[PDB]
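Have a look at work-v5.pdb below; it lists PDB, C-alpha atoms.
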ATOM      1  CA  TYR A1287      37.973-154.174 -46.581
ATOM      2  CA  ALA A1288      34.186-154.110 -46.163
ATOM      3  CA  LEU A1289      34.502-156.034 -42.894
ATOM      4  CA  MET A1290      37.008-153.431 -41.690
ATOM      5  CA  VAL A1291      34.684-150.531 -42.582
ATOM      6  CA  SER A1292      32.624-150.978 -39.417
ATOM      7  CA  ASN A1293      35.704-151.351 -37.214
ATOM      8  CA  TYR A1294      37.422-148.237 -38.572
ATOM      9  CA  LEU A1295      34.155-146.276 -38.528
ATOM     10  CA  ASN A1296      34.107-146.422 -34.723
ATOM     11  CA  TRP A1297      37.772-145.405 -34.573
ATOM     12  CA  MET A1298      37.270-142.337 -36.775
ATOM     13  CA  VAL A1299      34.385-141.050 -34.644
ATOM     14  CA  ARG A1300      36.359-141.766 -31.464
ATOM     15  CA  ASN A1301      39.240-139.553 -32.590
ATOM     16  CA  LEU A1302      36.925-136.789 -33.830
ATOM     17  CA  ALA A1303      35.582-136.301 -30.302
ATOM     18  CA  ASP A1304      39.154-136.361 -28.982
ATOM     19  CA  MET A1305      40.193-133.718 -31.522
ATOM     20  CA  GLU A1306      37.471-131.470 -30.088
ATOM     21  CA  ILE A1307      39.534-131.244 -26.898
ATOM     22  CA  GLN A1308      42.479-130.301 -29.114
ATOM     23  CA  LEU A1309      40.237-127.817 -30.933
ATOM     24  CA  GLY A1310      39.341-126.219 -27.607
ATOM     25  CA  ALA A1311      42.962-126.431 -26.464
ATOM     26  CA  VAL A1312      44.084-123.809 -28.985
ATOM     27  CA  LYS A1313      41.143-121.626 -27.916
ATOM     28  CA  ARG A1314      42.758-121.051 -24.514
ATOM     29  CA  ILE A1315      45.943-120.024 -26.354
ATOM     30  CA  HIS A1316      44.327-118.044 -29.184
ATOM     31  CA  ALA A1317      42.521-115.767 -26.723
ATOM     32  CA  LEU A1318      45.752-115.162 -24.795
ATOM     33  CA  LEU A1319      47.606-114.080 -27.947
ATOM     34  CA  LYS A1320      44.586-112.167 -29.286
ATOM     35  CA  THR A1321      45.118-109.141 -27.015
ATOM     36  CA  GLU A1322      48.426-107.369 -26.364
ATOM     37  CA  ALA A1323      48.974-104.429 -24.020
ATOM     38  CA  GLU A1324      51.604-102.691 -21.878
ATOM     39  CA  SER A1325      54.639-103.022 -24.126
ATOM     40  CA  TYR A1326      57.899-102.839 -22.159
ATOM     41  CA  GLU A1327      59.664-100.080 -24.073
ATOM     42  CA  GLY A1328      60.341 -96.370 -23.822
ATOM     43  CA  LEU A1329      58.693 -93.650 -25.868
ATOM     44  CA  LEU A1330      61.891 -92.536 -27.628
ATOM     45  CA  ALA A1331      65.496 -93.329 -26.651
ATOM     46  CA  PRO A1332      64.733 -94.078 -22.955
ATOM     47  CA  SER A1333      68.314 -95.129 -22.208
ATOM     48  CA  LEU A1334      70.418 -91.967 -22.561
ATOM     49  CA  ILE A1335      68.038 -88.971 -22.528
ATOM     50  CA  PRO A1336      67.132 -89.645 -18.859
ATOM     51  CA  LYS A1337      69.603 -89.597 -15.997
ATOM     52  CA  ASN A1338      71.915 -92.588 -15.665
ATOM     53  CA  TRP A1339      70.881 -93.089 -12.022
ATOM     54  CA  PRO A1340      68.443 -90.595 -10.476
ATOM     55  CA  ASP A1341      69.221 -89.636  -6.882
ATOM     56  CA  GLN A1342      67.156 -86.575  -5.926
ATOM     57  CA  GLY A1343      63.894 -88.089  -7.163
ATOM     58  CA  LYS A1344      62.160 -84.761  -7.809
ATOM     59  CA  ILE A1345      58.594 -85.165  -9.105
ATOM     60  CA  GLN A1346      56.870 -82.474 -11.192
ATOM     61  CA  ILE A1347      53.259 -83.608 -11.668
ATOM     62  CA  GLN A1348      50.500 -81.251 -12.837
ATOM     63  CA  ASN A1349      46.900 -82.525 -12.754
ATOM     64  CA  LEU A1350      48.151 -86.118 -12.645
ATOM     65  CA  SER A1351      45.781 -89.016 -11.954
ATOM     66  CA  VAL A1352      46.067 -92.805 -12.148
ATOM     67  CA  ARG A1353      43.437 -94.731 -14.117
ATOM     68  CA  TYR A1354      43.134 -98.453 -14.847
ATOM     69  CA  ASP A1355      39.465 -99.128 -15.706
ATOM     70  CA  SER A1356      39.660 -97.694 -19.231
ATOM     71  CA  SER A1357      40.141 -94.178 -17.812
ATOM     72  CA  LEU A1358      36.731 -94.404 -16.106
ATOM     73  CA  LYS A1359      36.194 -93.805 -12.382
ATOM     74  CA  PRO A1360      39.936 -93.575 -11.625
ATOM     75  CA  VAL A1361      41.171 -94.031  -8.067
ATOM     76  CA  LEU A1362      43.063 -90.719  -8.306
ATOM     77  CA  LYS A1363      41.761 -87.284  -9.308
ATOM     78  CA  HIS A1364      44.288 -84.694 -10.529
ATOM     79  CA  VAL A1365      46.989 -85.246  -7.912
ATOM     80  CA  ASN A1366      49.448 -82.381  -8.531
ATOM     81  CA  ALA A1367      52.193 -82.380  -5.891
ATOM     82  CA  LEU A1368      55.858 -81.436  -6.259
ATOM     83  CA  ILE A1369      58.261 -83.772  -4.467
ATOM     84  CA  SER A1370      61.024 -82.410  -2.240
ATOM     85  CA  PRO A1371      64.516 -83.429  -3.420
ATOM     86  CA  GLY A1372      67.089 -84.318  -0.796
ATOM     87  CA  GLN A1373      64.487 -85.387   1.771
ATOM     88  CA  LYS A1374      62.140 -88.282   2.497
ATOM     89  CA  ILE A1375      58.424 -87.434   2.426
ATOM     90  CA  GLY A1376      56.099 -89.727   4.348
ATOM     91  CA  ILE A1377      52.629 -89.816   2.791
ATOM     92  CA  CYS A1378      50.478 -91.388   5.514
ATOM     93  CA  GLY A1379      46.892 -92.296   4.672
ATOM     94  CA  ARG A1380      44.225 -94.462   6.285
ATOM     95  CA  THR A1381      43.301 -95.954   2.900
ATOM     96  CA  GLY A1382      45.387 -96.816  -0.149
ATOM     97  CA  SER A1383      44.446 -93.691  -2.110
ATOM     98  CA  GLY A1384      47.542 -91.899  -0.833
ATOM     99  CA  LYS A1385      49.719 -94.978  -1.376
ATOM    100  CA  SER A1386      48.381 -97.011  -4.310
ATOM    101  CA  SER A1387      47.715 -94.040  -6.603
ATOM    102  CA  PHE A1388      51.128 -92.487  -5.934
ATOM    103  CA  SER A1389      53.030 -95.784  -6.159
ATOM    104  CA  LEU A1390      51.546 -96.729  -9.541
ATOM    105  CA  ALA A1391      52.633 -93.459 -11.165
ATOM    106  CA  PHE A1392      56.154 -93.706  -9.722
ATOM    107  CA  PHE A1393      56.813 -97.177 -11.172
ATOM    108  CA  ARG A1394      54.586 -96.652 -14.253
ATOM    109  CA  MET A1395      52.306 -99.387 -12.901
ATOM    110  CA  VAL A1396      49.189 -97.373 -13.803
ATOM    111  CA  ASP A1397      47.611 -98.414 -17.099
ATOM    112  CA  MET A1398      46.545 -94.813 -17.795
ATOM    113  CA  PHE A1399      48.515 -91.820 -16.493
ATOM    114  CA  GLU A1400      46.125 -88.860 -16.767
ATOM    115  CA  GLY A1401      48.867 -86.264 -16.527
ATOM    116  CA  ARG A1402      52.615 -85.788 -16.836
ATOM    117  CA  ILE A1403      55.160 -87.243 -14.400
ATOM    118  CA  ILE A1404      58.851 -86.292 -14.425
ATOM    119  CA  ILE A1405      61.410 -88.049 -12.211
ATOM    120  CA  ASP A1406      64.654 -86.112 -11.656
ATOM    121  CA  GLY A1407      63.974 -84.137 -14.825
ATOM    122  CA  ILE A1408      63.077 -87.237 -16.876
ATOM    123  CA  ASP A1409      59.507 -87.870 -18.004
ATOM    124  CA  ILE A1410      57.928 -91.202 -17.090
ATOM    125  CA  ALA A1411      56.479 -91.637 -20.588
ATOM    126  CA  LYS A1412      59.950 -91.436 -22.177
ATOM    127  CA  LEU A1413      61.563 -93.730 -19.586
ATOM    128  CA  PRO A1414      62.138 -97.498 -19.628
ATOM    129  CA  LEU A1415      59.575 -99.683 -17.887
ATOM    130  CA  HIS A1416      62.232-101.755 -16.109
ATOM    131  CA  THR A1417      64.488 -98.802 -15.258
ATOM    132  CA  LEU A1418      61.516 -96.898 -13.811
ATOM    133  CA  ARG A1419      61.224 -99.429 -10.970
ATOM    134  CA  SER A1420      64.839-100.661 -10.988
ATOM    135  CA  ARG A1421      65.972 -97.434  -9.301
ATOM    136  CA  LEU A1422      62.701 -97.238  -7.311
ATOM    137  CA  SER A1423      62.946 -99.764  -4.485
ATOM    138  CA  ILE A1424      59.634-100.932  -3.023
ATOM    139  CA  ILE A1425      58.320-103.373  -0.419
ATOM    140  CA  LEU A1426      54.977-105.101   0.059
ATOM    141  CA  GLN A1427      52.712-105.346   3.098
ATOM    142  CA  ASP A1428      53.252-108.988   4.028
ATOM    143  CA  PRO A1429      56.736-110.533   3.880
ATOM    144  CA  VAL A1430      57.640-112.066   0.517
ATOM    145  CA  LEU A1431      60.548-114.507   0.230
ATOM    146  CA  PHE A1432      61.609-116.309  -2.939
ATOM    147  CA  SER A1433      63.331-119.685  -3.259
ATOM    148  CA  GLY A1434      66.860-120.001  -4.590
ATOM    149  CA  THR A1435      70.491-119.264  -3.871
ATOM    150  CA  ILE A1436      71.354-116.187  -1.821
ATOM    151  CA  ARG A1437      73.650-114.926  -4.586
ATOM    152  CA  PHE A1438      70.719-115.365  -6.995
ATOM    153  CA  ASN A1439      68.217-113.759  -4.585
ATOM    154  CA  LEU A1440      70.021-110.891  -2.836
ATOM    155  CA  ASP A1441      70.890-109.320  -6.215
ATOM    156  CA  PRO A1442      68.776-111.259  -8.733
ATOM    157  CA  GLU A1443      68.411-108.622 -11.447
ATOM    158  CA  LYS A1444      71.778-106.916 -10.950
ATOM    159  CA  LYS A1445      73.718-110.176 -10.409
ATOM    160  CA  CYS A1446      76.307-108.112  -8.543
ATOM    161  CA  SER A1447      79.291-109.956  -7.073
ATOM    162  CA  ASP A1448      79.836-107.463  -4.235
ATOM    163  CA  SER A1449      79.716-109.036  -0.770
ATOM    164  CA  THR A1450      78.946-105.742   0.996
ATOM    165  CA  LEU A1451      75.195-106.281   0.571
ATOM    166  CA  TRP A1452      75.373-109.545   2.526
ATOM    167  CA  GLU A1453      77.314-107.790   5.290
ATOM    168  CA  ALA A1454      74.935-104.815   5.163
ATOM    169  CA  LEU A1455      71.886-107.089   5.344
ATOM    170  CA  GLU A1456      73.411-109.023   8.249
ATOM    171  CA  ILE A1457      74.371-105.786  10.021
ATOM    172  CA  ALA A1458      70.825-104.418   9.775
ATOM    173  CA  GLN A1459      69.126-107.538  11.168
ATOM    174  CA  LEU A1460      69.255-111.344  11.179
ATOM    175  CA  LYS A1461      73.047-111.481  11.347
ATOM    176  CA  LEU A1462      72.984-115.056  12.686
ATOM    177  CA  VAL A1463      70.649-116.164   9.870
ATOM    178  CA  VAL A1464      73.523-116.213   7.366
ATOM    179  CA  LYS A1465      75.740-118.174   9.764
ATOM    180  CA  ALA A1466      73.024-120.835  10.063
ATOM    181  CA  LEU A1467      73.211-121.651   6.348
ATOM    182  CA  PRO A1468      76.491-123.464   5.549
ATOM    183  CA  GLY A1469      76.404-122.302   1.928
ATOM    184  CA  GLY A1470      76.599-118.613   2.791
ATOM    185  CA  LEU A1471      76.786-116.674  -0.468
ATOM    186  CA  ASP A1472      75.648-119.713  -2.477
ATOM    187  CA  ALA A1473      73.222-120.910   0.217
ATOM    188  CA  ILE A1474      69.763-121.740  -1.112
ATOM    189  CA  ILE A1475      66.579-120.367   0.428
ATOM    190  CA  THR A1476      65.018-122.802   2.902
ATOM    191  CA  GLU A1477      61.691-123.506   1.155
ATOM    192  CA  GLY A1478      61.487-119.882   0.039
ATOM    193  CA  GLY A1479      61.839-118.387   3.511
ATOM    194  CA  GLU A1480      59.196-120.571   5.142
ATOM    195  CA  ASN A1481      60.556-119.883   8.658
ATOM    196  CA  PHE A1482      62.251-116.478   8.835
ATOM    197  CA  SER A1483      61.747-112.967  10.172
ATOM    198  CA  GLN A1484      58.946-110.911   8.640
ATOM    199  CA  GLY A1485      61.312-107.968   8.173
ATOM    200  CA  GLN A1486      63.953-110.120   6.484
ATOM    201  CA  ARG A1487      62.177-109.553   3.165
ATOM    202  CA  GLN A1488      62.210-105.821   3.905
ATOM    203  CA  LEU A1489      65.856-106.142   4.964
ATOM    204  CA  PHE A1490      66.523-107.764   1.581
ATOM    205  CA  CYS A1491      65.369-104.543  -0.093
ATOM    206  CA  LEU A1492      67.796-102.544   2.062
ATOM    207  CA  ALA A1493      70.678-104.749   0.910
ATOM    208  CA  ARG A1494      69.419-104.415  -2.670
ATOM    209  CA  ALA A1495      69.375-100.622  -2.304
ATOM    210  CA  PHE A1496      73.065-100.625  -1.348
ATOM    211  CA  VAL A1497      73.779-103.027  -4.246
ATOM    212  CA  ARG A1498      71.414-101.956  -7.047
ATOM    213  CA  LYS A1499      71.878 -98.237  -6.209
ATOM    214  CA  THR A1500      68.087 -97.792  -6.188
ATOM    215  CA  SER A1501      67.918 -94.307  -4.695
ATOM    216  CA  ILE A1502      64.114 -94.108  -4.697
ATOM    217  CA  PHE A1503      62.546 -96.156  -1.895
ATOM    218  CA  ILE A1504      58.882 -97.035  -1.331
ATOM    219  CA  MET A1505      57.607 -98.078   2.099
ATOM    220  CA  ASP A1506      54.434-100.022   2.888
ATOM    221  CA  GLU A1507      52.613-100.731   6.134
ATOM    222  CA  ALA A1508      53.425-104.109   7.686
ATOM    223  CA  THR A1509      50.409-106.217   8.637
ATOM    224  CA  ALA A1510      52.639-108.528  10.707
ATOM    225  CA  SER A1511      55.903-107.278  12.192
ATOM    226  CA  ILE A1512      57.973-107.407  15.371
ATOM    227  CA  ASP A1513      58.218-104.504  17.814
ATOM    228  CA  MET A1514      61.795-103.807  16.687
ATOM    229  CA  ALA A1515      60.743-104.041  13.023
ATOM    230  CA  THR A1516      59.338-100.503  13.154
ATOM    231  CA  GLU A1517      62.648 -99.236  14.551
ATOM    232  CA  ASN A1518      64.506-100.935  11.695
ATOM    233  CA  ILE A1519      62.075 -99.347   9.224
ATOM    234  CA  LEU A1520      62.747 -95.915  10.728
ATOM    235  CA  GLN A1521      66.503 -96.557  10.687
ATOM    236  CA  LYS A1522      66.409 -97.718   7.058
ATOM    237  CA  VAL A1523      64.355 -94.669   6.053
ATOM    238  CA  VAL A1524      66.880 -92.395   7.777
ATOM    239  CA  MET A1525      69.748 -94.094   5.936
ATOM    240  CA  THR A1526      67.890 -93.779   2.627
ATOM    241  CA  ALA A1527      67.031 -90.138   3.348
ATOM    242  CA  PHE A1528      70.606 -89.317   4.370
ATOM    243  CA  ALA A1529      72.374 -91.210   1.567
ATOM    244  CA  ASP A1530      69.938 -91.699  -1.323
ATOM    245  CA  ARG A1531      68.245 -88.344  -0.547
ATOM    246  CA  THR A1532      64.950 -89.754  -1.864
ATOM    247  CA  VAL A1533      62.391 -91.968  -0.126
ATOM    248  CA  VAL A1534      58.597 -92.251  -0.111
ATOM    249  CA  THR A1535      56.959 -93.639   3.035
ATOM    250  CA  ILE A1536      53.378 -94.916   2.771
ATOM    251  CA  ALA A1537      51.621 -96.376   5.805
ATOM    252  CA  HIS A1538      48.283 -96.362   7.605
ATOM    253  CA  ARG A1539      49.923 -95.219  10.868
ATOM    254  CA  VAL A1540      50.261 -91.466  11.365
ATOM    255  CA  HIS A1541      52.786 -91.937  14.181
ATOM    256  CA  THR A1542      55.034 -94.136  12.028
ATOM    257  CA  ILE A1543      55.223 -91.473   9.297
ATOM    258  CA  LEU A1544      55.053 -88.556  11.757
ATOM    259  CA  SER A1545      58.827 -87.960  11.593
ATOM    260  CA  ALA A1546      58.819 -87.097   7.894
ATOM    261  CA  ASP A1547      59.848 -84.073   5.849
ATOM    262  CA  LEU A1548      56.394 -83.892   4.240
ATOM    263  CA  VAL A1549      53.061 -85.511   5.106
ATOM    264  CA  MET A1550      50.445 -86.296   2.458
ATOM    265  CA  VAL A1551      47.052 -88.003   2.537
ATOM    266  CA  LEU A1552      44.381 -88.748  -0.068
ATOM    267  CA  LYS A1553      40.674 -89.227   0.631
ATOM    268  CA  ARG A1554      37.588 -89.757  -1.546
ATOM    269  CA  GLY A1555      39.828 -90.607  -4.493
ATOM    270  CA  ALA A1556      41.542 -87.200  -4.527
ATOM    271  CA  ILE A1557      43.914 -85.026  -2.493
ATOM    272  CA  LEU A1558      41.938 -84.118   0.628
ATOM    273  CA  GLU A1559      44.676 -82.407   2.652
ATOM    274  CA  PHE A1560      48.477 -82.454   2.478
ATOM    275  CA  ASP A1561      50.818 -80.855   5.015
ATOM    276  CA  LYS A1562      54.207 -79.483   3.988
ATOM    277  CA  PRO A1563      55.696 -79.835   7.509
ATOM    278  CA  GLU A1564      55.314 -82.682  10.010
ATOM    279  CA  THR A1565      53.552 -80.754  12.798
ATOM    280  CA  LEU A1566      50.952 -79.198  10.472
ATOM    281  CA  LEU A1567      48.966 -82.444  10.386
ATOM    282  CA  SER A1568      49.545 -82.835  14.134
ATOM    283  CA  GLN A1569      47.564 -79.632  14.729
ATOM    284  CA  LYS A1570      44.393 -81.234  13.339
ATOM    285  CA  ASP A1571      43.048 -84.034  15.541
ATOM    286  CA  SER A1572      41.043 -85.567  12.674
ATOM    287  CA  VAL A1573      44.127 -87.271  11.214
ATOM    288  CA  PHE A1574      45.131 -88.704  14.595
ATOM    289  CA  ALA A1575      41.571 -89.837  15.345
ATOM    290  CA  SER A1576      41.280 -91.639  12.000
ATOM    291  CA  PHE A1577      44.600 -93.425  12.552
ATOM    292  CA  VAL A1578      43.583 -94.473  16.074
TER     293      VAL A1578
END
How does the structure come out when it is put into structure tokens?
Amino acid sequence: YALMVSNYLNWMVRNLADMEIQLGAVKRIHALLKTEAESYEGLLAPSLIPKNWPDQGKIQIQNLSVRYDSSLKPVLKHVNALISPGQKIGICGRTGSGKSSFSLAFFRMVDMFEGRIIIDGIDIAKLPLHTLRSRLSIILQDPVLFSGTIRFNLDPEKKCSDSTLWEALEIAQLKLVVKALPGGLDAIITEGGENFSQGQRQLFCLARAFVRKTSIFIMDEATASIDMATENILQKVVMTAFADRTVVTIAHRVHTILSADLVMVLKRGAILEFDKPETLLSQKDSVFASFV
């Protein structure tokens, strides 16, 4: 045994250094589980007290601001605007203050909501986190395409079996795209939409709106898009305004959101000037000059 003492002494020290990697391995996990925030639950019974499926999308916000940096230096400052039910309001702003601050409150994406927000008579605080955005369709700036089957991508969350969304998506644009894939309904995404139209991702939201019954729609400016993509965006907004009777358009182009029921803009982290009609902002040349 004495002869083995030296041999095993090296082995014990060798493993002790190796266990240090294991000791640090749990450190990366312990820190992750140390802090918990943004629980996905309603305040009290957020399943039946609110509307089953809001359609008008009326917003009653009084001195409402969006804060994320521990309620210090928030990007919004007491935004108190009443939405117009039955119409689509296009809030056009050069910066994201009009868009990002408003979007976060609508989907409860703001860590701190310095105010009270009510959607179709239902408060955001007492509403489900998933249902807040489930009925509030939204799109990003650049196209985003996932990888998987069409039936698992067109209606991923809803898992609806209706084939009208596929026809509606094809009717809007990229009708021949479906015919290219032999699978059709079960066709998988070609490398997550590596080679497809930029507006196809936006067109996916339109099909989801007709499938998931997401009345509220959120629009974002497209960094890259075709000339006809803007026309499709205007057509989709008109369909959402006519049918869903609720849509929020956010873009950096004044002309794109010019044909809107209401025009809003935020500057310097607060509400600089908002126009109830569409031609009220057209009277002032400052808005047009800033856009172009």
*asked:* Going by the chain IDs and residue numbers used in this file, which residues fall under the PyMOL selection byres ((chain A and resi 1388) around 12)? Write them as a PyMOL selection string.
replied: chain A and resi 1345+1347+1350-1353+1361-1367+1369+1376-1379+1382-1387+1389-1396+1399+1403+1504-1505+1534-1536+1550-1552+1555-1557
Near stretch 1542-1547 of chain A, within 10 Å and counting only C-alpha atoms, which residues show up once chain neighbours fewer than 2 positions away are dropped, as a VMD selection string?
chain A and resid 1370 1372 to 1379 1507 1516 to 1517 1519 to 1520 1523 to 1524 1527 1534 to 1540 1549 to 1550 1561 to 1565 1567 to 1568
Got time to write the residues from that selection, C-alpha atoms, as an mmCIF file, in the frame of the given file?
data_model
loop_
_atom_site.group_PDB
_atom_site.id
_atom_site.type_symbol
_atom_site.label_atom_id
_atom_site.label_comp_id
_atom_site.auth_asym_id
_atom_site.auth_seq_id
_atom_site.Cartn_x
_atom_site.Cartn_y
_atom_site.Cartn_z
ATOM 1 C CA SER A 1370 61.024 -82.410 -2.240
ATOM 2 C CA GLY A 1372 67.089 -84.318 -0.796
ATOM 3 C CA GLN A 1373 64.487 -85.387 1.771
ATOM 4 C CA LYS A 1374 62.140 -88.282 2.497
ATOM 5 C CA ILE A 1375 58.424 -87.434 2.426
ATOM 6 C CA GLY A 1376 56.099 -89.727 4.348
ATOM 7 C CA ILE A 1377 52.629 -89.816 2.791
ATOM 8 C CA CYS A 1378 50.478 -91.388 5.514
ATOM 9 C CA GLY A 1379 46.892 -92.296 4.672
ATOM 10 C CA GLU A 1507 52.613 -100.731 6.134
ATOM 11 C CA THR A 1516 59.338 -100.503 13.154
ATOM 12 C CA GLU A 1517 62.648 -99.236 14.551
ATOM 13 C CA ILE A 1519 62.075 -99.347 9.224
ATOM 14 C CA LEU A 1520 62.747 -95.915 10.728
ATOM 15 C CA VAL A 1523 64.355 -94.669 6.053
ATOM 16 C CA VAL A 1524 66.880 -92.395 7.777
ATOM 17 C CA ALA A 1527 67.031 -90.138 3.348
ATOM 18 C CA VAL A 1534 58.597 -92.251 -0.111
ATOM 19 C CA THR A 1535 56.959 -93.639 3.035
ATOM 20 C CA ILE A 1536 53.378 -94.916 2.771
ATOM 21 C CA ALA A 1537 51.621 -96.376 5.805
ATOM 22 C CA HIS A 1538 48.283 -96.362 7.605
ATOM 23 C CA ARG A 1539 49.923 -95.219 10.868
ATOM 24 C CA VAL A 1540 50.261 -91.466 11.365
ATOM 25 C CA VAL A 1549 53.061 -85.511 5.106
ATOM 26 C CA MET A 1550 50.445 -86.296 2.458
ATOM 27 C CA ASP A 1561 50.818 -80.855 5.015
ATOM 28 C CA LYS A 1562 54.207 -79.483 3.988
ATOM 29 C CA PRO A 1563 55.696 -79.835 7.509
ATOM 30 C CA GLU A 1564 55.314 -82.682 10.010
ATOM 31 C CA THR A 1565 53.552 -80.754 12.798
ATOM 32 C CA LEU A 1567 48.966 -82.444 10.386
ATOM 33 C CA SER A 1568 49.545 -82.835 14.134
#
Within 9 Å of residue A:1337, counting only C-alpha atoms, which residues show up once you throw out same-chain ones fewer than 6 positions away? Write them as a count of residues only, please.
-> 3
Report task. Could you list the residues chosen by the PyMOL selection byres ((chain A and resi 1417-1433) around 6) in this structure as a ChimeraX atom specification? Result -> /A:1393,1414-1416,1434,1475,1478-1479,1484,1487,1500-1508
What gap, in Å, lies between atom CA of residue A:1518 and atom CA of residue A:1454?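 Distance between the two atoms: 12.9 Å.
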Of the listed residues A:1309, A:1318, A:1290, A:1460, that which approaches residue A:1515 most closely, counting all atoms listed in the file:
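Looking only at the distances to residue A:1515, the closest residue turns out to be A:1460.
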Here atom CA of residue A:1488 and atom CA of residue A:1451 stand apart by 13.4 Å
### Selected residue of minimal separation from residue A:1437 among A:1289, A:1319, A:1311, A:1497, counting all atoms listed in the file
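Using all atoms listed in the file, the shortest distance to residue A:1437 belongs to A:1497.
For the residues A:1368, A:1358, A:1329, A:1467, ranking by smallest atom-to-atom distance to residue A:1400 using all atoms listed in the file places A:1358 first.
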- Message: If the PyMOL selection byres ((chain A and resi 1438) around 12) were run on this exact file, what residues would it hold? Put them as JSON, numbers by chain.
- Response: {"A": [1432, 1433, 1434, 1435, 1436, 1437, 1439, 1440, 1441, 1442, 1443, 1444, 1445, 1446, 1447, 1470, 1471, 1472, 1473, 1474, 1475, 1494]}
Give me a file of those residues, with C-alpha atoms, as a PDB file, in the frame of the given file.
ATOM      1  CA  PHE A1432      61.609-116.309  -2.939  1.00  0.00           C
ATOM      2  CA  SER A1433      63.331-119.685  -3.259  1.00  0.00           C
ATOM      3  CA  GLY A1434      66.860-120.001  -4.590  1.00  0.00           C
ATOM      4  CA  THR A1435      70.491-119.264  -3.871  1.00  0.00           C
ATOM      5  CA  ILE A1436      71.354-116.187  -1.821  1.00  0.00           C
ATOM      6  CA  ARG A1437      73.650-114.926  -4.586  1.00  0.00           C
ATOM      7  CA  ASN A1439      68.217-113.759  -4.585  1.00  0.00           C
ATOM      8  CA  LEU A1440      70.021-110.891  -2.836  1.00  0.00           C
ATOM      9  CA  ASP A1441      70.890-109.320  -6.215  1.00  0.00           C
ATOM     10  CA  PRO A1442      68.776-111.259  -8.733  1.00  0.00           C
ATOM     11  CA  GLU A1443      68.411-108.622 -11.447  1.00  0.00           C
ATOM     12  CA  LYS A1444      71.778-106.916 -10.950  1.00  0.00           C
ATOM     13  CA  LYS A1445      73.718-110.176 -10.409  1.00  0.00           C
ATOM     14  CA  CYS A1446      76.307-108.112  -8.543  1.00  0.00           C
ATOM     15  CA  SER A1447      79.291-109.956  -7.073  1.00  0.00           C
ATOM     16  CA  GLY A1470      76.599-118.613   2.791  1.00  0.00           C
ATOM     17  CA  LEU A1471      76.786-116.674  -0.468  1.00  0.00           C
ATOM     18  CA  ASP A1472      75.648-119.713  -2.477  1.00  0.00           C
ATOM     19  CA  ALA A1473      73.222-120.910   0.217  1.00  0.00           C
ATOM     20  CA  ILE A1474      69.763-121.740  -1.112  1.00  0.00           C
ATOM     21  CA  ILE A1475      66.579-120.367   0.428  1.00  0.00           C
ATOM     22  CA  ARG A1494      69.419-104.415  -2.670  1.00  0.00           C
TER      23      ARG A1494
END
Restricting to only C-alpha atoms, whichever of A:1533, A:1398, A:1317, A:1413 is closest to residue A:1359 is A:1398
Notebook entry, point to check: Can you tell me how far atom CA of residue A:1320 sits from atom CA of residue A:1401, in Å to one decimal?
Noted result: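 Going from atom CA of residue A:1320 over to atom CA of residue A:1401 covers 29.2 Å.
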**Asked** In terms of the shortest atom-to-atom distance over all atoms listed in the file, which of A:1287, A:1482, A:1496, A:1354 is closest to residue A:1449?
**Response**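 Looking at the shortest contact to residue A:1449, the residue is A:1496.
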Which one of A:1570, A:1514, A:1327, A:1411 sits closest to residue A:1459 if you count all atoms listed in the file?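 Smallest separation from residue A:1459 among the options: A:1514.
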